[PDB]
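This document opens with one chain alone, in structure tokens, the form deposited in one PDB entry.
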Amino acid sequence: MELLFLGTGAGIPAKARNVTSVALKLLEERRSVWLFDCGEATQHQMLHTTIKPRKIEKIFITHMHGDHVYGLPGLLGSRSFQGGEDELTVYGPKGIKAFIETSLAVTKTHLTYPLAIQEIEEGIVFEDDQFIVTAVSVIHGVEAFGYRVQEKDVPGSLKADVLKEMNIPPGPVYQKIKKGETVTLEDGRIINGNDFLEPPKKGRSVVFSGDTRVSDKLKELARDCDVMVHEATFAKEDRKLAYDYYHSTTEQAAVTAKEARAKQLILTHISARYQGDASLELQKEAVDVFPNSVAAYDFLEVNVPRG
């Protein structure tokens, strides 16, 4: 589980930072990549990385603003052109279906893969045996969301040495014991799988805030998460600019991660006003409140470790 930042810029693209797009690498977990917002030139940034368009399984959109969506028709089109076979699921607010379908029909684009566009609302957006994604409404003026990718608890390691010692040879019965199933051995021996299993390991959690003002709903959504990817468009000084433009400051994002009891905070959606040298100042403004703060820059890779 890795977080590759493709775009850390707010509103209009800059030479330093391209517009918003964060990739959630799940190659070991599910052989795929999950995108969090797809602003213009996301595909272009992807050409300088190991992430391939065909590797994308689902794209989650926070809000309909152009710096988060204008990369969608190009990325979807290229995936089909690279020989895309597997399904792609676009999650977004009301308007995303109109935007994708119109931009693909007028351009005369026929996808070589199935496209599912789910117009989401506050609650569980996607759920299966491995992951559970929940969206929550955020303060931005326009219909905006905050996502949480929650990895469901994995079953504990097999006490294989215990089985080997008990004259149980390694074979296809080992995966059945790993599930906890009461197995009937070749020589007629009944054993409970759960007895030879270590305590289950707690799953990882990444939170993508999108564009938002200081929100209590976002604090609750990011409860005890491994990595909180919060937007910090402005600095501590530009507090009034943040309110009037429906955004958050470095200090505001740091207070949220502190109260949510998050392990790490990554500041994204940074204004073009602040340069490479000024980025450290923004990071230190957040570090004073929440120490494990990182001000994200283009092509930043952050690993999400397990417990």
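Position 1 is the first residue in the sequence shown; the rest follow in order.
Once the C-alpha B-factors are averaged per stretch, 283-291 and 20-28 rank with 283-291 first. The mean C-alpha temperature factor is higher for 184-192 when 110-118 and 184-192 are set side by side.
Considering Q264, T249, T62, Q43 together, the PDB entry gives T249 the largest C-alpha B factor. The PDB entry gives the largest Cα B-factor of the residues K164, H230, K176, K94 to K176. Ranked against the other modelled residues of its chain, the C-alpha B-factor of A242 as given in the entry falls in the highest third. In the PDB entry, a CA B factor belonging to the highest third of its chain's modelled residues is recorded for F234. In the PDB entry, a CA B factor belonging to the highest third of its chain's modelled residues is recorded for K52. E259: CA B factor lies in the middle third for its chain, per the PDB record. Sorting the modelled residues of the chain by their CA temperature factor places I270 in the middle third.
Separately, the form deposited in another entry exists; it is not shown, and the next lines address it.
The residue from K201, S80, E186, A278 that marks the hinge of the rigid-body rotation between the shown form and the other one is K201, the others lying more than 12 positions from any hinge.
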